[PDB]
Amino acid sequence: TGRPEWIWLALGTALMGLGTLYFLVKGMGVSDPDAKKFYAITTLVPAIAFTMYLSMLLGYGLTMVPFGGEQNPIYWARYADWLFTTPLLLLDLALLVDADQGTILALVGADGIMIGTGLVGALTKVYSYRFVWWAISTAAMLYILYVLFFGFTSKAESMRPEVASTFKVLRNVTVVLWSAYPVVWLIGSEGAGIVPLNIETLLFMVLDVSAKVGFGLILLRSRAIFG
Amino acid sequence: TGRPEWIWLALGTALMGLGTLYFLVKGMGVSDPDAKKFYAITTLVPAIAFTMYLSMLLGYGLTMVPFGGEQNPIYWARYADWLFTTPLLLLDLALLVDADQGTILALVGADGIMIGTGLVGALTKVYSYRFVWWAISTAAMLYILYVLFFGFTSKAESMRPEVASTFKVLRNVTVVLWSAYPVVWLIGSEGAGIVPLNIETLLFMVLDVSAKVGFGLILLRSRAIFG
Amino acid sequence: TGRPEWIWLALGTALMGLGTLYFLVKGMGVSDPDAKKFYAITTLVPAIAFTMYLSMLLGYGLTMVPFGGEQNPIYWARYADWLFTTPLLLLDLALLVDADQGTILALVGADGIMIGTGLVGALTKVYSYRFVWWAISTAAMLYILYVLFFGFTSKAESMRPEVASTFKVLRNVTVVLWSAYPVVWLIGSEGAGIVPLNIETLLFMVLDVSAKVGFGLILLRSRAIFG
Ligand SMILES: CC(C)CCC[C@@H](C)CCC[C@@H](C)CCC[C@@H](C)CCOC[C@@H](CO[C@@H]1O[C@H](CO)[C@@H](O)[C@H](O)[C@H]1O[C@H]1O[C@H](CO[C@@H]2O[C@H](CO)[C@H](O)[C@H](O)[C@H]2O)[C@@H](O)[C@H](O)[C@@H]1O)OCC[C@H](C)CCC[C@H](C)CCC[C@H](C)CCCC(C)C
Ligand SMILES: CC(C)CCC[C@@H](C)CCC[C@@H](C)CCC[C@@H](C)CCOC[C@@H](CO[C@@H]1O[C@H](CO)[C@@H](O)[C@H](O)[C@H]1O[C@H]1O[C@H](CO[C@@H]2O[C@H](CO)[C@H](O)[C@H](O)[C@H]2O)[C@@H](O)[C@H](O)[C@@H]1O)OCC[C@H](C)CCC[C@H](C)CCC[C@H](C)CCCC(C)C
Ligand SMILES: CC(C)CCC[C@@H](C)CCC[C@@H](C)CCC[C@@H](C)CCOC[C@@H](CO[C@@H]1O[C@H](CO)[C@@H](O)[C@H](O)[C@H]1O[C@H]1O[C@H](CO[C@@H]2O[C@H](CO)[C@H](O)[C@H](O)[C@H]2O)[C@@H](O)[C@H](O)[C@@H]1O)OCC[C@H](C)CCC[C@H](C)CCC[C@H](C)CCCC(C)C
Ligand SMILES: *C/C=C(C)/C=C/C=C(C)/C=C/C1=C(C)CCCC1(C)C
Ligand SMILES: *C/C=C(C)/C=C/C=C(C)/C=C/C1=C(C)CCCC1(C)C
Ligand SMILES: *C/C=C(C)/C=C/C=C(C)/C=C/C1=C(C)CCCC1(C)C
């Protein structure tokens, strides 16, 4: 049962596309090899979300999972998006703060586990088992946020004020936003359906656009990205 | 309806396998840590194509997608191949020219979008929607080729003549070849069926073998790969 | 027909989880940026296996493939695990020995081919074709082991005794273990069913736990991981 949410899908598609476009049109002249990296990553993010929102607006990113007492529409494309998208975001933060490869690898891996585990949960037929997965995925996330908030902040304090500041903002943004997803999941049509898929998609759209475009804007608009 | 094309699949399998074998038997003695990288990448390419051509010759890489007024055989394995294969190729070019990580990341990402988007298009049931995807994927490609042709060429001009020259050839080859794929797609059984899957596969075989083995030969046969 | 093996799945889940937990609780204080990398990789490994063993214990990682004269339960999750897990393991060995990027790339690629090819074999409907894939995958493996045993050993001889020693042990362990998998596959319910899926899973559990936790223990317990 997925059609009334089309409005947010289409609006999500537009925002992602324009957000991409805008970022593209801004990274052209950039010559700094460091600023360059930030534009690539930050541009790639909305670009991926674009293709996936579009896949949902066209019905491809929509699937049917049997559980509870019916056939439930699971928008799988979200994970296909988040799988490459979340780690890309983390990467931005990693470069910005100049984290160790080991911590970068540890996060990228914790992130893939988080989205991968989330996809399993979203497709699992045993209604009760869907929450075990949600539980594993959320632990994965709290680990990621734990590092971002405590480990990275410490690494940022050693950079110049501009970088420290932009990181702080960015950090606060992603942490507050990333944790909303599990709560949305838990109350949406994929978990304990308290909110209809209609509103679910809306919350996810606002969140997504904020976690990427909004995120990107904040970052790409700082001198923090330069050496 | 996929069986008369078996001949090109089998021939594609043989060429990929021997192409791999030959490359393997050539990288053995190589000690230069730089030449080493080029052999790995360039060897891995046909090796992947091998497994995928074989998957098509055995019926595994073949699927059925409903669209238009019938059930259409979509060789999905092509994308499974191209997904790892195209970026690997790009990587070769990146090392050769010594491109910035940011541009390397930007291309790898543009490439994954291109093949990923292509796979969606190839599996999309709404006949008309298949061209939207083709349209997104082709834009992705033109971006990649734009950088290769203009950005990379500039980066190569700063290398020694041997490297500049080999890049030029390589560049001209991949650009001319990579753009044939969308045209083939557009006229083949996955788009506006003007050419039968039978000939489609043939064009794809010639193209593939050229874009990899041919490509590999040109490169591995130059001193351009050495420091 | 997959239920009597539940016992090994559940025990596999517990061991992977605790193995992860234990490793996590050990990498906390570690400050050395090199030791850090080893903890990330080595911790991520069992963590992945955890999620996949769990997926099998809950029925999600189980699928049905038609071949021979019946419907056969294929535990696909094993490959989803091994796909990220085997290369991670290799990576540990690569860092430990400080191998060239080209050889690291060549192995990672040979490994993905090995698991990818194995997954195809495990899902291939033409009973006879399943062994062609097994044959390709095993060649892939023998290449990996060839390098580990001969190429890496040579690279390790140039490190300090502690590192050389830990590598030797590790090397001997992975080589002896990794080769058991194809033999198990060949005699298990996925190949020439001589052993029942029940015992198959047991052998795979012992193997897995050994190839990761056991492996991890040996490594993380040496000073070899420090600069
Ligand atoms: C280069 C890297 C190193 C990249 C790696 C990429 C790869 C590994 C990503 C995997 C991502 C995962 C997370 C997504 C998988 C989720 C999975 C559960 C969902 C799978 O389904 C979708 C998949 C297959 O589609 C299908 O084709 C099969 C073969 O033909 C069919 O057998 C399936 O049935 C079919 O599924 C579809 O159709 C169903 C329709 O049913 C119909 O419903 C209507 C309703 O009105 C009606 O009832 C009809 O009667 C009924 O028949 C539908 O329900 C299903 O949902 C489905 O549509 O699709 C392939 C997706 C593709 C892989 C997405 C890619 C995403 C983007 C483009 C990625 C960009 C990534 C780059 C790589 C990032 C760069 C980063 C750098 C830093 C490295
Ligand atoms: C290590 C990395 C970091 C690696 C990441 C690897 C991963 C993410 C790659 C994903 C690649 C994507 C792009 C491919 C997905 C395309 C997707 C749409 C197609 C999916 O279908 C194929 C998939 C599943 O097969 C199936 O198993 C299910 C479970 O059992 C079944 O439910 C499905 O139905 C089944 O699909 C098959 O069977 C269908 C049969 O129907 C029958 O048709 C006959 C016709 O005569 C008759 O009518 C019968 O009656 C009828 O029943 C068939 O139609 C379907 O097409 C299908 O065969 O398969 C898994 C593929 C595997 C993942 C391919 C791997 C590719 C190679 C080996 C990769 C090498 C990569 C390394 C990693 C590169 C190294 C690079 C370094 C630089 C990093
Ligand atoms: C970030 C990177 C760069 C990461 C890339 C990740 C990605 C590419 C990995 C792909 C891995 C591949 C190897 C696994 C694919 C194997 C494939 C053949 C199996 C596919 O099936 C599973 C898949 C889809 O599930 C399904 O959803 C569809 C859509 O809704 C349905 O149409 C399918 O039918 C459904 O399949 C399920 O249900 C079947 C049920 O049938 C029922 O059986 C019961 C029996 O009692 C009864 O008869 C019922 O009546 C009947 O209906 C069942 O049989 C099927 O098996 C299946 O359950 O699932 C998605 C899996 C997800 C992708 C796994 C992720 C793994 C973990 C979490 C990865 C952690 C990775 C990080 C990235 C590593 C970090 C490393 C760093 C160094 C980079
Ligand atoms: C652009 C998208 C962003 C920043 C997405 C972030 C997504 C998450 C933090 C998702 C988390 C989830 C859980 C913690 C558990 C349940 C399922 C998920 C995948 C929704
Ligand atoms: C070895 C294989 C090579 C070099 C493959 C290259 C493939 C492409 C450039 C494919 C491009 C496509 C489009 C631009 C749109 C439609 C679908 C594709 C995936 C065929
Ligand atoms: C933690 C898991 C480990 C170390 C797994 C190793 C797995 C292999 C070496 C698997 C090899 C296989 C073949 C060589 C051919 C047949 C199928 C496989 C995938 C089981």
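Numbers in chain C come straight from Swiss-Prot, and the residues shown are 18-244, in order.
Recorded method is X-ray crystallography, 2.6 Å.
Using the three backbone atoms N, Cα and C, a Cβ is placed for every residue, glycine included.
Looking up C:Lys43, C:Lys229 in Swiss-Prot shows the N6-(retinylidene)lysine annotation sitting on C:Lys229.
Of C:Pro50 and C:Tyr92, Swiss-Prot records each on a different side of the membrane. Taking pairs at least six residues apart, the transmembrane segment (C:93-109) and the transmembrane segment (C:23-42) share fewer than three Cβ pairs below 8 Å and do not count as touching. For the pair formed by C:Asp98 (site 'Primary proton acceptor') and C:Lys229 (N6-(retinylidene)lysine), distance between Cα atoms is given as 12 Å, rounded to the nearest Å. Sorting the topological domain 'Cytoplasmic' (C:43-56) by DSSP state (H, G, I as helix; E, B as strand; all else coil) yields 9 helix, 0 strand, 5 coil. Counted within 10 Å of its Cβ, the other Cβ atoms near C:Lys229 (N6-(retinylidene)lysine) come to 28, all protein chains included. Taking H, G and I as helix, E and B as strand and the rest as coil, DSSP gives the topological domain 'Cytoplasmic' (C:110-120) the counts 8 helix, 0 strand, 3 coil. In terms of C-beta pairs under 8 Å, the stretch of C:23-42, C:148-167, C:217-236 lying closest in packing to the transmembrane segment (C:57-75) is C:23-42. Other C-beta atoms found within 10 angstroms of the C-beta of C:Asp98 (site 'Primary proton acceptor') number 25, with every protein chain shown included.
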